[PDB]
Structures are given as C-alpha cells and as structure tokens.
>>> print(open('coords04.cif').read())   # mmCIF, C-alpha atoms
data_upload
loop_
_atom_site.group_PDB
_atom_site.id
_atom_site.type_symbol
_atom_site.label_atom_id
_atom_site.label_comp_id
_atom_site.auth_asym_id
_atom_site.auth_seq_id
_atom_site.Cartn_x
_atom_site.Cartn_y
_atom_site.Cartn_z
ATOM 1 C CA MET A 1 0.000 0.000 0.000
ATOM 2 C CA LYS A 2 2.828 2.440 0.837
ATOM 3 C CA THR A 3 4.793 3.632 -2.167
ATOM 4 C CA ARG A 4 8.551 3.877 -2.538
ATOM 5 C CA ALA A 5 8.286 7.631 -1.983
ATOM 6 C CA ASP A 6 6.404 6.977 1.274
ATOM 7 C CA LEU A 7 9.216 4.672 2.393
ATOM 8 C CA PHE A 8 11.947 7.207 1.654
ATOM 9 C CA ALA A 9 9.999 10.001 3.366
ATOM 10 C CA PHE A 10 9.717 7.733 6.415
ATOM 11 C CA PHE A 11 13.470 7.037 6.183
ATOM 12 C CA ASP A 12 14.338 10.745 6.080
ATOM 13 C CA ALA A 13 12.062 11.588 9.018
ATOM 14 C CA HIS A 14 13.655 8.858 11.162
ATOM 15 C CA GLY A 15 17.317 9.241 10.172
ATOM 16 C CA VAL A 16 17.528 6.112 8.022
ATOM 17 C CA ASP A 17 20.290 6.840 5.525
ATOM 18 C CA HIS A 18 19.477 5.315 2.138
ATOM 19 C CA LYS A 19 21.272 4.959 -1.203
ATOM 20 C CA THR A 20 19.391 3.237 -4.019
ATOM 21 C CA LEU A 21 20.589 1.533 -7.201
ATOM 22 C CA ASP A 22 17.816 0.926 -9.719
ATOM 23 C CA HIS A 23 18.490 -2.228 -11.738
ATOM 24 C CA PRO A 24 16.676 -4.913 -13.731
ATOM 25 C CA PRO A 25 15.532 -7.769 -11.486
ATOM 26 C CA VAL A 26 18.358 -10.250 -10.870
ATOM 27 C CA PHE A 27 17.970 -13.997 -11.335
ATOM 28 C CA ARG A 28 21.360 -15.126 -12.623
ATOM 29 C CA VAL A 29 24.602 -15.124 -10.670
ATOM 30 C CA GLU A 30 26.202 -13.290 -13.619
ATOM 31 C CA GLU A 31 24.118 -10.139 -13.139
ATOM 32 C CA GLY A 32 24.356 -10.533 -9.361
ATOM 33 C CA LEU A 33 28.110 -9.871 -9.525
ATOM 34 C CA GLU A 34 27.341 -6.325 -10.643
ATOM 35 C CA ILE A 35 24.934 -5.385 -7.861
ATOM 36 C CA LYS A 36 27.158 -6.845 -5.148
ATOM 37 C CA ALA A 37 30.172 -5.003 -6.568
ATOM 38 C CA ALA A 38 28.208 -1.744 -6.646
ATOM 39 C CA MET A 39 26.578 -2.155 -3.214
ATOM 40 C CA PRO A 40 28.945 -3.182 -0.398
ATOM 41 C CA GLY A 41 27.797 -4.950 2.727
ATOM 42 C CA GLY A 42 25.213 -7.601 3.394
ATOM 43 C CA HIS A 43 22.857 -8.719 0.648
ATOM 44 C CA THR A 44 19.680 -10.408 1.711
ATOM 45 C CA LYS A 45 16.948 -12.941 1.249
ATOM 46 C CA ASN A 46 13.574 -12.326 2.869
ATOM 47 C CA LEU A 47 11.062 -15.095 3.615
ATOM 48 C CA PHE A 48 7.389 -14.466 4.452
ATOM 49 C CA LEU A 49 6.171 -17.390 6.560
ATOM 50 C CA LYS A 50 3.030 -18.546 8.332
ATOM 51 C CA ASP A 51 3.215 -21.097 11.130
ATOM 52 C CA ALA A 52 0.841 -23.869 12.128
ATOM 53 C CA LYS A 53 -0.560 -21.699 14.953
ATOM 54 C CA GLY A 54 -1.522 -18.933 12.492
ATOM 55 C CA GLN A 55 1.334 -16.509 13.270
ATOM 56 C CA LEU A 56 2.944 -14.657 10.358
ATOM 57 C CA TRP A 57 6.736 -14.328 10.328
ATOM 58 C CA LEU A 58 9.281 -12.418 8.259
ATOM 59 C CA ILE A 59 12.847 -13.740 8.186
ATOM 60 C CA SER A 60 15.586 -11.468 6.831
ATOM 61 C CA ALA A 61 18.954 -13.164 6.329
ATOM 62 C CA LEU A 62 22.165 -12.914 4.377
ATOM 63 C CA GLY A 63 21.682 -14.498 0.976
ATOM 64 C CA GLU A 64 24.333 -17.098 1.814
ATOM 65 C CA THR A 65 22.729 -18.114 5.142
ATOM 66 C CA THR A 66 20.797 -21.403 5.092
ATOM 67 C CA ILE A 67 17.459 -21.188 6.920
ATOM 68 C CA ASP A 68 16.564 -24.740 7.957
ATOM 69 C CA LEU A 69 12.831 -23.930 7.909
ATOM 70 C CA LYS A 70 11.769 -27.455 8.888
ATOM 71 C CA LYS A 71 13.626 -27.198 12.210
ATOM 72 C CA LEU A 72 13.456 -23.446 12.840
ATOM 73 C CA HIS A 73 10.209 -23.597 14.843
ATOM 74 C CA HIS A 74 12.165 -25.246 17.672
ATOM 75 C CA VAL A 75 14.494 -22.214 17.766
ATOM 76 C CA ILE A 76 12.026 -19.323 17.498
ATOM 77 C CA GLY A 77 9.232 -20.967 19.499
ATOM 78 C CA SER A 78 6.758 -20.972 16.605
ATOM 79 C CA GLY A 79 4.481 -23.581 15.171
ATOM 80 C CA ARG A 80 5.849 -25.551 12.237
ATOM 81 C CA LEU A 81 6.645 -23.134 9.427
ATOM 82 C CA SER A 82 5.297 -22.849 5.881
ATOM 83 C CA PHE A 83 5.499 -20.085 3.316
ATOM 84 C CA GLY A 84 2.788 -17.518 3.941
ATOM 85 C CA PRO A 85 -0.013 -16.934 1.451
ATOM 86 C CA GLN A 86 0.537 -14.280 -1.191
ATOM 87 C CA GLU A 87 -2.645 -12.415 -0.211
ATOM 88 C CA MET A 88 -1.443 -12.021 3.372
ATOM 89 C CA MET A 89 1.987 -10.970 2.080
ATOM 90 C CA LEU A 90 0.241 -8.160 0.204
ATOM 91 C CA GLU A 91 -2.003 -7.221 3.137
ATOM 92 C CA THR A 92 0.763 -7.106 5.753
ATOM 93 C CA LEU A 93 3.933 -6.200 3.834
ATOM 94 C CA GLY A 94 2.541 -4.438 0.754
ATOM 95 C CA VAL A 95 4.769 -6.451 -1.613
ATOM 96 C CA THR A 96 4.402 -9.278 -4.109
ATOM 97 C CA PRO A 97 6.480 -12.468 -4.351
ATOM 98 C CA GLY A 98 9.980 -11.726 -5.559
ATOM 99 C CA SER A 99 10.016 -8.312 -3.857
ATOM 100 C CA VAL A 100 9.970 -9.412 -0.211
ATOM 101 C CA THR A 101 11.956 -7.040 1.985
ATOM 102 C CA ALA A 102 12.324 -6.026 5.612
ATOM 103 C CA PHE A 103 11.208 -2.555 4.490
ATOM 104 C CA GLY A 104 7.737 -4.014 3.918
ATOM 105 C CA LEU A 105 7.261 -3.848 7.694
ATOM 106 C CA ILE A 106 6.241 -0.201 7.125
ATOM 107 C CA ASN A 107 2.957 -1.711 5.878
ATOM 108 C CA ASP A 108 2.339 -3.966 8.903
ATOM 109 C CA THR A 109 0.257 -1.373 10.707
ATOM 110 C CA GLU A 110 -1.474 -3.967 12.913
ATOM 111 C CA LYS A 111 1.842 -5.644 13.804
ATOM 112 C CA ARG A 112 0.791 -9.061 12.522
ATOM 113 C CA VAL A 113 4.287 -10.101 11.378
ATOM 114 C CA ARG A 114 6.963 -11.156 13.844
ATOM 115 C CA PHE A 115 10.422 -10.259 12.553
ATOM 116 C CA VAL A 116 13.419 -12.606 12.670
ATOM 117 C CA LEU A 117 16.845 -11.164 11.843
ATOM 118 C CA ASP A 118 19.878 -13.286 10.901
ATOM 119 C CA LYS A 119 22.677 -12.535 13.385
ATOM 120 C CA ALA A 120 25.164 -12.384 10.488
ATOM 121 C CA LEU A 121 22.961 -9.728 8.878
ATOM 122 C CA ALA A 122 22.567 -7.862 12.168
ATOM 123 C CA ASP A 123 26.403 -7.753 12.187
ATOM 124 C CA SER A 124 26.724 -6.562 8.562
ATOM 125 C CA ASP A 125 27.209 -2.908 7.606
ATOM 126 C CA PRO A 126 25.701 -1.600 5.427
ATOM 127 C CA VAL A 127 22.744 -3.826 4.546
ATOM 128 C CA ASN A 128 20.747 -4.017 1.342
ATOM 129 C CA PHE A 129 17.038 -4.637 0.693
ATOM 130 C CA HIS A 130 14.505 -3.978 -2.028
ATOM 131 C CA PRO A 131 12.603 -0.682 -1.597
ATOM 132 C CA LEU A 132 9.271 -2.559 -1.901
ATOM 133 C CA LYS A 133 10.017 -3.745 -5.463
ATOM 134 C CA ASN A 134 12.744 -5.961 -6.956
ATOM 135 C CA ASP A 135 13.761 -3.409 -9.657
ATOM 136 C CA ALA A 136 15.971 -1.571 -7.153
ATOM 137 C CA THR A 137 18.268 -2.282 -4.217
ATOM 138 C CA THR A 138 18.602 0.154 -1.296
ATOM 139 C CA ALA A 139 21.550 0.317 1.115
ATOM 140 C CA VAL A 140 21.069 1.446 4.713
ATOM 141 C CA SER A 141 23.656 1.453 7.472
ATOM 142 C CA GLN A 142 23.098 -1.064 10.242
ATOM 143 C CA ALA A 143 22.312 1.879 12.520
ATOM 144 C CA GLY A 144 19.716 3.011 9.988
ATOM 145 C CA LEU A 145 18.124 -0.442 9.994
ATOM 146 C CA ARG A 146 17.828 -0.306 13.784
ATOM 147 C CA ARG A 147 16.311 3.205 13.589
ATOM 148 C CA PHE A 148 13.794 1.902 11.037
ATOM 149 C CA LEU A 149 12.782 -1.061 13.198
ATOM 150 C CA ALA A 150 12.634 1.047 16.366
ATOM 151 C CA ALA A 151 10.422 3.611 14.601
ATOM 152 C CA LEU A 152 7.969 0.844 13.713
ATOM 153 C CA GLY A 153 8.148 -0.612 17.229
ATOM 154 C CA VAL A 154 9.579 -3.857 15.835
ATOM 155 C CA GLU A 155 12.007 -5.646 18.122
ATOM 156 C CA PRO A 156 13.872 -8.222 16.007
ATOM 157 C CA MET A 157 14.404 -11.768 17.176
ATOM 158 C CA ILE A 158 18.092 -12.181 16.342
ATOM 159 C CA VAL A 159 18.931 -15.747 15.287
ATOM 160 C CA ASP A 160 22.296 -17.435 14.764
ATOM 161 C CA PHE A 161 21.295 -19.766 11.926
ATOM 162 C CA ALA A 162 24.547 -21.747 12.058
ATOM 163 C CA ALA A 163 24.107 -22.666 15.739
ATOM 164 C CA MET A 164 20.288 -22.533 15.502
ATOM 165 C CA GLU A 165 20.070 -20.357 18.620
ATOM 166 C CA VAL A 166 18.346 -17.106 19.503
ATOM 167 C CA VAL A 167 21.160 -14.720 20.440
#
>>> encode(input="coords04.cif", output="structure tokens")
Amino acid sequence: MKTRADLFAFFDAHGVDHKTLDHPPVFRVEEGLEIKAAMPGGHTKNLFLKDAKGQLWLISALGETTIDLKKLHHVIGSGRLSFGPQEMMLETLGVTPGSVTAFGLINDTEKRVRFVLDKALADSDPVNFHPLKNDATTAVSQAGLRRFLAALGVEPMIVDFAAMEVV
C-alpha cells in the first residue's frame, strides 16, 4: 500500500540513511556480480512465513545463510513453518512475491508479522534490501536499519542460523 516515496519520506524523518541503485531484477549469478560489486555490505533474502498456529513471520537473512525452515520452529518458538499466502503478504507487507523485503514492515500497521533477523545480517554494515520492489536495491547502514525497526516498534528476534540459537 505504501509507495517507494512513502518509504523514503519515512526514512528521512527517522534518520535512516538510504542509497538506491535501480536495476533490472536479478535472477542469474552473472548479473548478481554487478549489484554486489556496486553495493557493499550484506545482501539479503527475505522469507514471508506462516506457522501452524496462524502466526505470520518475516525472516531477513544474508543471501548465503541457510534457513533450515523445517527445524526453525524449535528455535524461534513458533508452530511448524510454511510459506505464507501471497494475499497475506500483500495485506501485511505491501509487496508481491519476488520483492519481499524487511522494508515491507512499514505496511504492517497492525503488527501481525513477527520479525526474525539473521545474526550475520545484524552484524553486517551496510545492509541491502529492495525498496518494496525488486527493480531496485537500497543500502542502509546497520544503525539506519535499527532506527527503522525502532520507529515501527519492531524488536527483532536475532537468530544465529549456524548454531540454531536465539542470540
């Protein structure tokens, strides 16, 4: 529901530094080399999940982190995890499949989505996410990411995915 301009206006009001590279959507490793070279820091995958108890989850991780979904419920204290329905992704994050992003939390006005943050991503600086669509990548400092989450009242559950521990 919120546009990219709404997101950047929210960033500016809350001190979230942002630098955006517009680019064609990336599917091949060949074109990925170019975005990673142009945008230092952590690059991400973002999974919209729904658990067997009905809770919606968003996991943001480094692209190279393996999320063992089938065993993650024992770590985060959820029901067994599945991918969340596309309609709820739109309703709660304002994005479509392929454009999932932690920045979609700006759309979760009723706080339906619990946020899980990869510890290796929490330690990265800067970090990179889609600005609500996969035809751009936006870099924010780690401090900016924390300002963004704090402004939304989102406290991340920080997960070491190698040790499968909340840290």
>>> resolve_selection(input="coords04.cif", expression="the PyMOL selection byres ((chain A and resi 29-41) around 6)", output="mmCIF file with C-alpha atoms, in the coordinates of the input")
data_model
loop_
_atom_site.group_PDB
_atom_site.id
_atom_site.type_symbol
_atom_site.label_atom_id
_atom_site.label_comp_id
_atom_site.auth_asym_id
_atom_site.auth_seq_id
_atom_site.Cartn_x
_atom_site.Cartn_y
_atom_site.Cartn_z
ATOM 1 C CA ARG A 28 21.360 -15.126 -12.623
ATOM 2 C CA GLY A 42 25.213 -7.601 3.394
ATOM 3 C CA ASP A 125 27.209 -2.908 7.606
ATOM 4 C CA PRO A 126 25.701 -1.600 5.427
ATOM 5 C CA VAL A 127 22.744 -3.826 4.546
#
>>> residues_around(input="coords04.cif", residues="stretch 84-101 of chain A", least_positions_apart="6", cutoff="10 Å", atoms="only C-alpha atoms", output="PyMOL selection string")
chain A and resi 1-3+25+44-51+54-60+107-113+128-136
>>> write_last_selection(input="coords04.cif", atoms="C-alpha atoms", output="PDB file, in the coordinates of the input")
ATOM      1  CA  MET A   1       0.000   0.000   0.000  1.00  0.00           C
ATOM      2  CA  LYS A   2       2.828   2.440   0.837  1.00  0.00           C
ATOM      3  CA  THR A   3       4.793   3.632  -2.167  1.00  0.00           C
ATOM      4  CA  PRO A  25      15.532  -7.769 -11.486  1.00  0.00           C
ATOM      5  CA  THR A  44      19.680 -10.408   1.711  1.00  0.00           C
ATOM      6  CA  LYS A  45      16.948 -12.941   1.249  1.00  0.00           C
ATOM      7  CA  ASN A  46      13.574 -12.326   2.869  1.00  0.00           C
ATOM      8  CA  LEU A  47      11.062 -15.095   3.615  1.00  0.00           C
ATOM      9  CA  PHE A  48       7.389 -14.466   4.452  1.00  0.00           C
ATOM     10  CA  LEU A  49       6.171 -17.390   6.560  1.00  0.00           C
ATOM     11  CA  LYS A  50       3.030 -18.546   8.332  1.00  0.00           C
ATOM     12  CA  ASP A  51       3.215 -21.097  11.130  1.00  0.00           C
ATOM     13  CA  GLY A  54      -1.522 -18.933  12.492  1.00  0.00           C
ATOM     14  CA  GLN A  55       1.334 -16.509  13.270  1.00  0.00           C
ATOM     15  CA  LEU A  56       2.944 -14.657  10.358  1.00  0.00           C
ATOM     16  CA  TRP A  57       6.736 -14.328  10.328  1.00  0.00           C
ATOM     17  CA  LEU A  58       9.281 -12.418   8.259  1.00  0.00           C
ATOM     18  CA  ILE A  59      12.847 -13.740   8.186  1.00  0.00           C
ATOM     19  CA  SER A  60      15.586 -11.468   6.831  1.00  0.00           C
ATOM     20  CA  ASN A 107       2.957  -1.711   5.878  1.00  0.00           C
ATOM     21  CA  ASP A 108       2.339  -3.966   8.903  1.00  0.00           C
ATOM     22  CA  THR A 109       0.257  -1.373  10.707  1.00  0.00           C
ATOM     23  CA  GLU A 110      -1.474  -3.967  12.913  1.00  0.00           C
ATOM     24  CA  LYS A 111       1.842  -5.644  13.804  1.00  0.00           C
ATOM     25  CA  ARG A 112       0.791  -9.061  12.522  1.00  0.00           C
ATOM     26  CA  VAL A 113       4.287 -10.101  11.378  1.00  0.00           C
ATOM     27  CA  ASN A 128      20.747  -4.017   1.342  1.00  0.00           C
ATOM     28  CA  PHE A 129      17.038  -4.637   0.693  1.00  0.00           C
ATOM     29  CA  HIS A 130      14.505  -3.978  -2.028  1.00  0.00           C
ATOM     30  CA  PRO A 131      12.603  -0.682  -1.597  1.00  0.00           C
ATOM     31  CA  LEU A 132       9.271  -2.559  -1.901  1.00  0.00           C
ATOM     32  CA  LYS A 133      10.017  -3.745  -5.463  1.00  0.00           C
ATOM     33  CA  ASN A 134      12.744  -5.961  -6.956  1.00  0.00           C
ATOM     34  CA  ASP A 135      13.761  -3.409  -9.657  1.00  0.00           C
ATOM     35  CA  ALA A 136      15.971  -1.571  -7.153  1.00  0.00           C
TER      36      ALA A 136
END
>>> resolve_selection(input="coords04.cif", expression="the PyMOL selection byres ((chain A and resi 156) around 6)", output="JSON, numbers by chain")
{"A": [115, 116, 117, 155, 157, 158]}
>>> closest_residue(input="coords04.cif", among="A:80, A:20, A:124, A:70", to="residue A:143", atoms="only C-alpha atoms")
A:124
>>> closest_residue(input="coords04.cif", among="A:161, A:71, A:5, A:137", to="residue A:24", atoms="all atoms listed in the file")
A:137
>>> closest_residue(input="coords04.cif", among="A:63, A:17, A:118, A:77", to="residue A:43", atoms="all atoms listed in the file")
A:63
>>> atom_distance(input="coords04.cif", atom1="atom CA of residue A:11", atom2="atom CA of residue A:121")
19.5 Å
>>> resolve_selection(input="coords04.cif", expression="the PyMOL selection byres ((chain A and resi 15) around 10)", output="PDB file with C-alpha atoms, keeping the file's coordinate frame")
ATOM      1  CA  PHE A  10       9.717   7.733   6.415  1.00  0.00           C
ATOM      2  CA  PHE A  11      13.470   7.037   6.183  1.00  0.00           C
ATOM      3  CA  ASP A  12      14.338  10.745   6.080  1.00  0.00           C
ATOM      4  CA  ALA A  13      12.062  11.588   9.018  1.00  0.00           C
ATOM      5  CA  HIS A  14      13.655   8.858  11.162  1.00  0.00           C
ATOM      6  CA  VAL A  16      17.528   6.112   8.022  1.00  0.00           C
ATOM      7  CA  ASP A  17      20.290   6.840   5.525  1.00  0.00           C
ATOM      8  CA  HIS A  18      19.477   5.315   2.138  1.00  0.00           C
ATOM      9  CA  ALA A 143      22.312   1.879  12.520  1.00  0.00           C
ATOM     10  CA  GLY A 144      19.716   3.011   9.988  1.00  0.00           C
ATOM     11  CA  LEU A 145      18.124  -0.442   9.994  1.00  0.00           C
ATOM     12  CA  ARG A 147      16.311   3.205  13.589  1.00  0.00           C
ATOM     13  CA  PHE A 148      13.794   1.902  11.037  1.00  0.00           C
ATOM     14  CA  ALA A 151      10.422   3.611  14.601  1.00  0.00           C
TER      15      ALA A 151
END
>>> atom_distance(input="coords04.cif", atom1="atom CA of residue A:149", atom2="atom CA of residue A:26")
26.4 Å
>>> atom_distance(input="coords04.cif", atom1="atom CA of residue A:21", atom2="atom CA of residue A:153")
27.5 Å
